[PDB]
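> Handing you a structure now.
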Amino acid sequence: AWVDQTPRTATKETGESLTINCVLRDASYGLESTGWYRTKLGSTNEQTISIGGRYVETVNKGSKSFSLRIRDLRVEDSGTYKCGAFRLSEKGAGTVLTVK
């Protein structure tokens with residue numbers, strides 16, 4: 001299978017928002033758990049994102065689509081975002097977000 005993450009690059013600016021879009025492709029099973037991971041520009045440590053507030057996730061299992069809008073972008077938010085589809089992860093290749 002694979003996850004189809006989009007866009008592969010977003011240089012947004014501060015105050016703006018970002019919607020990353022994932023879809024579970026060519027997979028015989030449906031969509032179950034989902035998950036997002038920042039890698040803060042600075043470190044190699046990939047860290048789970050905890051959905052709430054500025055980050056708002058929308059899941060359409062059925063179309064195997066899921067999505068994260070990050071509202072009110074800060075400079076602190078620049079980094080590489082990956083989504084995860086679980087039933088074994090399988091992960092999109094990420095969005096290199098660059099802010100301000």
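> Please find, among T44, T6, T58, the residue that is under 16 Å from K91 (Cα atoms), β-branched (V, I, T) and out of contact with any helix residue (DSSP H, G or I) (no Cβ under 8 Å at 6 or more places or on another chain).
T6
> I'm trying to understand the selection: among the residues of the range 75-100, which are more than 12 Å from the chain's Cα centre (by Cα) and outside any strand (DSSP E or B)?
Once the filter is applied, which keeps residues that are more than 12 Å from the chain's Cα centre (by Cα) and outside any strand (DSSP E or B), the range 75-100 yields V75, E76, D77, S78, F86, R87, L88, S89, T98, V99, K100.
> Let me ask something else about it. Tell me which residues, restricted to the range 1-51, are in a strand (DSSP E or B) and among the β-branched types (V, I, T).
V3, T6, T9, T19, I20, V23, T34, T48
> A further question follows. Tell me which residues, restricted to the range 29-85, are of a type in the set (G, A, S) and within 13 Å of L18 (Cβ to Cβ).
Of everything in the range 29-85, those that are of a type in the set (G, A, S) and within 13 Å of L18 (Cβ to Cβ) turn out to be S67, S78, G79.
> Exactly one condition in (1) within 15 Å of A93 (Cα to Cα); (2) part of a loop (DSSP other than H, G, I, E, B) is false for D72; which is it?
Status for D72: all satisfied but (1).
> Out of (1) of a type in the set (A, V, I, L, M, F, W, C); (2) surrounded by 12 or more Cβ atoms within 10 Å (Cβ to Cβ); (3) in a loop (DSSP other than H, G, I, E, B), the odd one out for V56 is which?
The one condition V56 does not meet is (3).
> Related question: Select from the range 14-41 the residues that are surrounded by fewer than 17 Cβ atoms within 10 Å (Cβ to Cβ) and of a type in the set (D, E, K, R) and write down the one among them that is nearest to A93 (Cα to Cα).
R25
> Any idea which of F86, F66 is surrounded by fewer than 17 Cβ atoms within 10 Å (Cβ to Cβ) and of a type outside the set (D, E, K, R)?
Of the residues listed, the single one that is surrounded by fewer than 17 Cβ atoms within 10 Å (Cβ to Cβ) and of a type outside the set (D, E, K, R) is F86.
Each reported figure results from applying straightforward, stated rules to the coordinates on display, with no laboratory input. Don't worry about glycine lacking a Cβ; one is built from the backbone with ideal geometry, like all the others, and counts go over all protein chains shown.
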